[PDB]
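Next up: just one chain, as structure tokens, the form deposited in one PDB entry.
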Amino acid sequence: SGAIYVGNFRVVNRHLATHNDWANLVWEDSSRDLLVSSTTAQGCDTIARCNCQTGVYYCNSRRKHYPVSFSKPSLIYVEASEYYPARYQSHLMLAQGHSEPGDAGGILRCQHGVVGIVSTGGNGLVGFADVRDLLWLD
């Protein structure tokens, strides 16, 4: 539910992908924590064609939507976790905000449509993986 559905695509955190995701793989990138898989049914979401840097996301741990201001996508060194070794993550946008394990998957939106998806968190920051350059999705 922590997925973007655009066209015949389902976009998820790569660390959260299901076996069925991999069985219907379209595209994946560890350095971004993104995986896209094929769908049978047409999705309801649109990808934002803008450079907005404020928006609203869904926080899973709080079950609320929050307004947020987030930095332009950058290369960020992200510490080791149970999902990845310490590595450079690209396309990562950071906001001051509540963050708990399980928040990954939460969808970030602006008036133009979907901006990104929660991927990282810690130290009082929420990191969203930007999807706006993925023009092939829409």
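When you see a residue number, it is the position in the sequence shown, counting from 1.
Trainee: Between 127-135 and 4-12, point out the one with the higher average CA B-factor as the PDB entry records it.
Mentor: Comparing averages over the C-alpha atoms only gives 4-12.
Trainee: Do the C-alpha atoms of 105-113 or of 28-36 have the higher average B factor in the entry?
Mentor: Here the higher of the two C-alpha B-factor means belongs to 105-113.
Trainee: Sorting 94, 59, 68, 75 by Cα temperature factor from the record, which one lands on top?
Mentor: Max CA B-factor in the entry, restricted to 94, 59, 68, 75: 68.
Trainee: Lowest, middle or highest third: where is residue 17 by Cα B-factor in its chain?
Mentor: For residue 17, the deposited C-alpha B-factor lands in the middle third.
Trainee: If you rank every modelled residue in this chain by C-alpha B factor, which third holds residue 42: lowest, middle or highest?
Mentor: According to the entry, residue 42 has a C-alpha B-factor in the chain's highest third.
Trainee: Considering every modelled residue of the chain and its Cα B-factor in the PDB entry, is residue 99 in the lowest, middle or highest third?
Mentor: It falls in the top third of the chain.
Trainee: State the tercile, meaning the lowest, middle or highest third, of residue 90 with respect to the CA B-factors recorded for its chain.
Mentor: CA B-factor rank for residue 90: lowest third.
Omitted from view is the form solved in complex with a partner chain, to which the following refers.
Trainee: Going by heavy atom distances of 4.5 angstroms or less, which of 38, 81, 51, 111 would be at the interface with its partner chain in the bound PDB entry?
Mentor: Spelling it out, the residue with a heavy atom inside the cut-off is 81.
Trainee: Residue 11 near its partner chain in the bound PDB entry, any heavy atom under 4.5 Å?
Mentor: Although its partner chain is absent here, residue 11 would stay clear of it in the bound PDB entry, with no heavy atoms inside 4.5 Å.
Trainee: Hey, in the bound PDB entry, does residue 104 get a heavy atom within 4.5 angstroms of its partner chain?
Mentor: Yes, contact at 4.5 Å.
Trainee: So in the bound PDB entry, does any heavy atom of residue 100 sit within 4.5 Å of its partner chain?
Mentor: Looking in the bound PDB entry, residue contacts with its partner chain include residue 100, since a heavy atom lies within 4.5 Å.
Trainee: Classify residue 60 as contacting or not contacting its partner chain in the bound PDB entry by the rule of any non-hydrogen atom within 4.5 angstroms, answering yes or no.
Mentor: Taking the distances in the bound PDB entry, the answer for residue 60 is no, it never comes within 4.5 Å of its partner chain.
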